[PDB]
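Asker: Experimental structure below, sequence on top.
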Amino acid sequence: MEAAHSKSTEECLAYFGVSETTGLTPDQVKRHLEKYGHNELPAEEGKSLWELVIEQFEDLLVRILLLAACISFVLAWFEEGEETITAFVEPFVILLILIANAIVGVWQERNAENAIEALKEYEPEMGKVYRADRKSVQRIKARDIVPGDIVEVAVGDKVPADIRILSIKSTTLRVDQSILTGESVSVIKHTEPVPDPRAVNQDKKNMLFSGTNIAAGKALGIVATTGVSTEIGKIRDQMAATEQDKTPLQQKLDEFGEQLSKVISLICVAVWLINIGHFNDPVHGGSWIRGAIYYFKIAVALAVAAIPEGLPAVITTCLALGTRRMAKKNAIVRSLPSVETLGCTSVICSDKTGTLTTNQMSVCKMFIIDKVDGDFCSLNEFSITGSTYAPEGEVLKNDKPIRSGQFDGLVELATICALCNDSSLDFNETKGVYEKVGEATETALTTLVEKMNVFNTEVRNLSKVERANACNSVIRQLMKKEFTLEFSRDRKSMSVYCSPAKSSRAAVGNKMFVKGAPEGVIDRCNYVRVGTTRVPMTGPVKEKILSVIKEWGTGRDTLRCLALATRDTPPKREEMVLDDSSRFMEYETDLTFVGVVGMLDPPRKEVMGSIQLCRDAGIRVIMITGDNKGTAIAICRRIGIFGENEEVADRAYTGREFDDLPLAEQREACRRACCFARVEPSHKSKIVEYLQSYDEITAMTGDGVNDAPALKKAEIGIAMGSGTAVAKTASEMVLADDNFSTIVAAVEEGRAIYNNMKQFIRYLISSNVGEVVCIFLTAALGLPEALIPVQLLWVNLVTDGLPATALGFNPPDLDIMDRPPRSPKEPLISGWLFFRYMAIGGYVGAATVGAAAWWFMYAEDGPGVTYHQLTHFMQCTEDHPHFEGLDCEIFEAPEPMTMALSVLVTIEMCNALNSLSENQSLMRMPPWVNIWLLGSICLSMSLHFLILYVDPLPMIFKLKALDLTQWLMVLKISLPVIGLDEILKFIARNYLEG
């Protein structure tokens, strides 16, 4: 690793003193071991999440509760033993709950690391290295690279470590970058320097890393690095040995968690500390040590209520049962905790040629020179009938279907596209896929001549395999190809040499068909192919070629234009010396320029629909591409990635521009930025960091054996279907098909997931404040019962799980997409929503001042008594030395404790209107929306009978009162005060309707 890309290739030879000639000798091998290492690469290291992020804060309350329970038992058993009855069995039931906490805990960890799960392995086959340590072409194996291996990347060499190109033993070189970038495109690197000091991998466009050499390019490259030192290794393991990030909904878990824990830990301790007086007094005190431990357990019950353990297991359950009915798009669901987390997606940064450009590269347009007189040209311009790898659908004459063989120029044109085409299309029926065999450029040509069907062959009548190459090889069966000299960067053309078969016309009547990059062809093309005829290169003809390159090339319509020229006067294998670049170049004149074909990386497709919602309504799609700025501009406008014919400069920033400007302006590319041109993993990470500092939290695409800080540190790894194992093993949302719906159903179904987590987390935070305030009543005042430790846990058992899933979840709420644009800046805890939370908190607070404390009077439906005066003075009742302690303890009696428990259960359950819809209250009551609440009510009902009547529970808790109206003090607050939240939804800009 060195500036290398920037520097002379000739210097790069000297950098290790190596060549095909003077090869890597044994002490050069040694010399390099003695510097760089030898591809020591860490594996997987799927680190966990749950306990660390949640339990290990409140552990010192919730888990040590077990120890405190044991100590209270140990005390009592030495003092009044069995006699402690309720609070004797209470430590055992606390133990039972702690066992259940541990079970729920281990389930949650074995999902949290199971999100990460079995990340990374499988390097594909390395390369043929020339060496001198054995001067033999060693098909090297991953570890035994010793920087300076002279790798012939060529036939199926998955380029091993950090390489820089030295020399090519062919005129083409195409190195696929799927396995390096995500972007599944066989890029043109180049032998010579890329002068700019940019350290990133696209800007290193002569440095090679894990790229697929697609055989078209018998190259030779120097291994510039090996080991952790290697860019590939470094960029793997700095993410994928310890992966995690904000995984979008988790960032909104922060909002609650980060504050809550610290507050809860503190207030639990405060409840204990204030009690210094009130631990001494009678039914808990006397032996005030009991009192202290009692209040500790009460304060820990407060912690349980405020940080519910069930909650994340519940999301995992909602997730499981949700996702299997959501996801009508590409979503190979790699792991459960990827999805109900993914559903607050804010940016989908997809690599270009997968989905956003369907990796189905066919020719979309062409023009031939039709006929020319008085220099004015009939250019027989055309679009091609129908996108995709469909060899059906011929050619449109402006733009209506025509069998292409009806036009004279299209004969020799088709002969170019079939012959000057050494790659292919196959229809591997076995896999059901039209495989783009070899270079996508020539696959496009294959599909083109199949569509064209110049020789009117039956085609769809041979097997659909043969139908990918039939018309093609009919042409080849006439004009027998008899060598090819492939596309060089320099001459900007390739020469296929072909004459008839059967008719012995080789050498003599042997034509040459040339294909290459625009200008380099259009100037050597000294003749215009006037369809059949030939004239010189005439003016207005060349003028309209020179419009087309900018027309269908810088307009919204932009083709990847490829110029095609026939040679008429039959060249000679006898004059064709078959070696140098320029030799070929000068043979390539007498060129009757036929026209330009254009492969616009699929037309329609479809990729535009999503992008509206992915510009405004929420989830911004970015194109990641190896395309340069100018091309990417138009290439994006073509598919609505920048929507209309609006201005640019900004909308497609290059990874170069991005990196030229220091980190502030680099950041100030990222917000709502529509495309990032010339980008790879090294840029993808930076894009995420900047997106996160706008809250445009990510889902980033890649596949490659160094896409790791774009798989994670990127919220969700979107695996390209394409190259490497590590996509499909380590990225959570695997793509398979090219459908654009994948994007749309984030702004649809992903926002449903967001609403799931909303109503779910809402319920607990609004209801279970009742449990929270119960602790305040029982602990601060003289036992005016609400919820003794075990009694608390029953309300928990009612309110966690079942109501959260009941609202959640399923069709969550009304207005699924139709809900306001989820503009990445909305909190979870929206101001007026927090006001609602506090209002419901006020309600459950007042209802717990009810509990038994108020409720022993007014309309009790049981204890026809009162002394609700006394409650005010703290030191109420509690066994004899207390204010008015003639009685033992009126709240300790059967009906009040059990009923206080029961009233909290019911009053918290009333929140299942306020948290049911977010705000569309009345209209989200009809049972075709999520009404699992029926099951929640069934829980409360069955548990009511159980807790009251079935005596084993009355031992631990207290005994039955009667199923009745009950609590007409407190219950008759609930429904009116819920109606007050209706009024609160109408406060300000006061409409009064709902």
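Answerer: Alright, I've got the coordinates. Numbering: from 1, shown residues only.
Asker: Would you mind listing the buried residues in stretch 276-294?
Answerer: 278-279, 281-285, 288, 290-294 (16 or more other C-beta atoms under 10 Å). Backbone N, C-alpha and C define where each C-beta goes, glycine included.
Asker: and the closest residue to residue 888 other than its chain neighbours, backbone torsions?
Answerer: Once flanking residues are discounted, residue 888 sits nearest to residue 879: 5.5 Å by C-beta to C-beta, 6 or more residues apart in numbering. Listed backbone geometry of residue 879 is phi 20, psi 90, with angles given as degrees, to the nearest 10.
Asker: ok, back up a step: got the buried residues of stretch 276-294 as a markdown table, with distance to residue 194 and secondary structure columns?
Answerer: Shown next, in a markdown table, are those (distance: C-beta to C-beta, whole Å; DSSP: H, G, I helix; E, B strand; the rest coil):
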| residue | distance to residue 194 | secondary structure |
| --- | --- | --- |
| 278 | 76 | coil |
| 279 | 75 | coil |
| 281 | 82 | coil |
| 282 | 84 | coil |
| 283 | 82 | coil |
| 284 | 78 | coil |
| 285 | 80 | coil |
| 288 | 79 | helix |
| 290 | 78 | helix |
| 291 | 76 | helix |
| 292 | 72 | helix |
| 293 | 72 | helix |
| 294 | 74 | helix |
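Asker: in the stretch 601-750 of the chain, which spans are strands?
Answerer: With strands called from DSSP state E, counting those that start in this stretch, the stretch 601-750 of the chain shows them at 620-625, 652-654, 675-677, 700-702, 717-719, 733-734.
Asker: roughly how far out does the second one sit from the chain middle?
Answerer: With C-alpha atoms, centre = their mean, to the nearest Å as the basis, the distance from the averaged C-alpha position of strand 652-654 to the chain average is 21 Å.
Asker: How about residues contacting that strand?
Answerer: 623, 628-629, 632-633, 636, 642, 669, 673-679 (C-beta atoms under 8 Å, 6 or more residues apart in numbering).
Asker: about what we covered before: between the strands of the stretch 601-750 of the chain, which one is nearest to residue 757?
Answerer: Among the strands of the stretch 601-750 of the chain, the nearest to residue 757 by C-beta to C-beta is strand 733-734 (17.3 Å).
Asker: And the chain, what are its domain boundaries?
Answerer: 1-54+121-242, 55-120+243-345+746-994, 346-358+603-745, 359-602 (CATH domains of a matching chain).
Asker: Give me whichever of these is most buried.
Answerer: Comparing these by mean neighbour count (mean count of other C-beta atoms under 10 Å), domain 346-358+603-745 ranks first with a mean of 23.
Asker: Okay, now that one: how far is its last residue from its first?
Answerer: 13 Å (C-alpha to C-alpha, to the nearest Å).
Asker: from now on call the first residue 19
Answerer: Sure thing, new numbering starts at 19, so read that last one as domain 364-376+621-763.
Asker: Doesn't residue 107 lie inside a helix?
Answerer: Yes. Assessed with DSSP: H, G, I helix; E, B strand; the rest coil, residue 107 lies in a helix.
Asker: Can you verify my assumption that it contacts residue 975?
Answerer: No. Using C-beta atoms under 8 Å, residue 107 is not in contact with residue 975, being 9.1 Å away.
Asker: list residues touching both of these two?
Answerer: In contact with both residue 107 and residue 975: residue 808, using C-beta under 8 Å, 6+ apart.
Asker: Give me the secondary structure label for residue 359.
Answerer: Applying three-state DSSP: residue 359 is helix.
Asker: Over to residue 439?
Answerer: Relying on three-state DSSP, one would call residue 439 coil.
Asker: who's in contact with it?
Answerer: Applying C-beta under 8 Å, 6+ apart, the residues near residue 439 are 460, 463, 464, 467, 490, 514, 533.
Asker: any idea which helix or strand carries the fifth one?
Answerer: Counting by DSSP states H and E, the secondary-structure element that holds residue 490 is helix 488-496.
Asker: Tell me how far residue 831 lies from residue 364.
Answerer: Taking C-beta to C-beta, to the nearest Å as the criterion, residue 831 is separated from residue 364 by 20 Å.
Asker: hmm, who's touching stretch 36-56?
Answerer: Contacts for stretch 36-56 (C-beta under 8 Å, 6+ apart): 31, 34-35, 147-151, 153, 161-168, 184-185, 238, 240, 243-248.
Asker: typo on my end, stretch 292-299
Answerer: The contact list for stretch 292-299, computed with C-beta under 8 Å, 6+ apart, reads 303, 306, 309-310, 312-313, 797-798, 800, 892-893, 896, 899-900.
Asker: how does it look with 10 Å?
Answerer: Residues from elsewhere that reach stretch 292-299, judged by C-beta atoms under 10 Å, 6 or more residues apart in numbering: 290, 302-314, 316-317, 797-801, 892-893, 896-897, 899-900, 903.
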